[PDB]
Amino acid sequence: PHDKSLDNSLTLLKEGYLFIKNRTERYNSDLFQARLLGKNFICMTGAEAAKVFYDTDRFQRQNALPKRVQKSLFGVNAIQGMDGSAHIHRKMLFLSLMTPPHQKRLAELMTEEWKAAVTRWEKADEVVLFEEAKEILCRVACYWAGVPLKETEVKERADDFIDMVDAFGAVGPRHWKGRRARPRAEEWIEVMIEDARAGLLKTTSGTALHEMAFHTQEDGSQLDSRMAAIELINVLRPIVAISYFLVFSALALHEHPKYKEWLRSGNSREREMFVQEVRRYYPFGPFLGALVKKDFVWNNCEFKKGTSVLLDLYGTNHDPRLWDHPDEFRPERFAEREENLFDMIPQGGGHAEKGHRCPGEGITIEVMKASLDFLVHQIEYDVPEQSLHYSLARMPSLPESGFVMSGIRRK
């Protein structure tokens, strides 16, 4: 099927997470063609398309997405744009820092921070969960990575990281805030990388700052200080970005009260199912870009070498073929469901060690579970009249008010 509009890029800006879905539904097909972001594109959705998208002998990420994305969210020529052994090699560096022990450490640091914040929250009239989450996550990420963070800069650094994330799907001022923040963060961290290499800043083996600073490539040389800052930033920024999920989770608890008592008398199992349903239900990761390496035929369609492709993440996560009542928030849908690396992909599909799948999934899950637990057992609060609406046409999305909590009290 072929969409002939000449304003698809603009249409994409207006539809956000619904661009692809609106069309895979209008053409009654898992894929379609279109001129987007200056190139010929094939958009596809579904778990099977996902399997094809993650087949590395047919798809490469090099030169896939616009530079405007590198200059804002990811950093220029970072791991997101790599392929082959070089990608795998650096991918192992990220994974070694995101294993169960690290996931555990971070969720526990987050847990002690949430508890310490209670004393402060009780005295406040209102609290904006999104802002609280940002600063706390930033403070934890840095501490855990071994990155020095002064009390008077937590706010600024936290905001810089968010400006980066909030700039990939926009034009105008939103994109510019990210375009300026990235340079401030990379510089801040590059000096750190350099002092560590000279032993002027204490670093600890096994921590992100250290590992990024001393990592060696396939040719045996270490990354340019700047690339090491970028790659370390590709660890700190994402963690801070967990803020959006934390807000969505709290919003799910408020929008679907029945589950509150459910989790409160349940265990780690209930929290795990609620946490998964939040990652599946709400929008965060839009879609991914890849480049067709060689000509191949799939689904009776021919993919020419060089054509660009977008894999719909939001849409696949809401595919009725995989999810009964996809558009309903139902944590119980996760009770006893054999794992599958392609049916749900809010943070990518496939194998993390074999492809570009997000290596921070475990951390994302454990931090959300820890944060959910805190909101369920540790405190009591009100959700005053506010705008909780979250647009599906804005990437990333977030409840307008950022989730405001008042009359907070320890439980």
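The numbering used is simple: start at 1 and walk along the sequence shown.
- The mean C-alpha temperature factor is higher for 339-347 when 339-347 and 360-368 are set side by side.
- In this entry, 82-90 shows the higher mean Cα temperature factor of the pair 229-237 and 82-90.
- When the C-alpha B factors of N77, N300, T111, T207 are read from the deposited coordinates, the top value falls at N300.
- Per the PDB entry, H256 shows the highest C-alpha temperature factor of the residues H256, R184, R197, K177.
- In this PDB entry, the Cα temperature factor of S243 sits in the bottom third of its chain's modelled residues, the lowest group.
- Remark: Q378 belongs to the highest third of its chain, ranked by C-alpha B-factor as recorded.
- Ranked by Cα temperature factor within the chain, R157 sits in the lowest third according to the deposited record.
- Among all modelled residues in this chain, the alpha-carbon of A47 has a temperature factor (C-alpha) in the lowest third.
- Among all modelled residues in this chain, the alpha-carbon of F329 has a temperature factor (C-alpha) in the highest third.
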